[PDB]
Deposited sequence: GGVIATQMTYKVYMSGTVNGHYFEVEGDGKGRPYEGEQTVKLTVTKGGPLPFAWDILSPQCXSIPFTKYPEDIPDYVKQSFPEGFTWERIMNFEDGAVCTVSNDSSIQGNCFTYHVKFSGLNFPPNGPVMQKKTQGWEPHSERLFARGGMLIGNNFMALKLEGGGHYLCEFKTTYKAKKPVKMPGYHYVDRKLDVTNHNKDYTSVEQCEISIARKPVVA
């Protein structure tokens, strides 16, 4: 690397609403961007305790920490120091919908993420409002270039208490603030786990491993 150190830290400032319930979150993270290893600690600074499952917010708390092979251009890393933004649509199988926007900037050895989250139509007796989810299954994002933007799609799935899954489709658009070398059709495999939290999830710790790769069968 040259603009992004082998070891970095980052802060998260998130604000939003879920079925009209307002909230604010702040986080402190660290990781090895070139190793795709990452960890972060969140604090519900306002509106807590949250009346909904924390799992819907975990993926909103850091693309620069993705291990990219040398032969696959790293769209996000190249965007700095200028940075980039991302826009996300989350469609859950029971009708709930969330729109999420991020702005990722850099200052020295620290990344700063500002996030706006809007989710609604979560059924009152559903898995989210009843807090019956138990983390996301490891996932694989399909990525490709278009209009100078990187577009990602992921078939997510939340594990349910008592078995089964609660599906959600992800569509994320990454917009670099300056033109960069565009990558080819590829994927990013991820593992995201809550590694610690207090009783009402007003405090949470998350671990994430992200690795880019070319199609397995080609």
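Positions of the deposited sequence absent from the coordinates form one stretch: 62.
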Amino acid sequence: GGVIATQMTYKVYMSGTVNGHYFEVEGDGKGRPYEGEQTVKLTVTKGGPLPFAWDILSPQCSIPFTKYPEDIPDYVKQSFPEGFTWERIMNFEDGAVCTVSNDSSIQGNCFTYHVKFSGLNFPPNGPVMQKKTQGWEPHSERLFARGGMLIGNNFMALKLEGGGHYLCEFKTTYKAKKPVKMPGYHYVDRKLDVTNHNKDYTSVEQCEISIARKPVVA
From here on, numbers count along this sequence of modelled residues.
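When the mean C-alpha temperature factors of 135-143 and 76-84 are read from the deposited coordinates, 76-84 comes out higher.
Note on 93-101 vs 124-132: mean CA B-factor is higher in 124-132. Per the PDB record, 36 has a higher Cα B-factor than any other of 59, 184, 152, 36. Among the modelled residues of the chain, residue 68 sits in the highest third by CA temperature factor in this PDB entry. Among all modelled residues in its chain, residue 117 ranks in the lowest third by Cα B-factor. In this PDB entry, the Cα temperature factor of residue 45 sits in the top third of its chain's modelled residues, the highest group. Placement of the Cα temperature factor of residue 160 within the chain: middle third of the modelled residues, per the deposited record. In the deposited entry, the Cα temperature factor of residue 180 sits in the top third of values across the chain's modelled residues.
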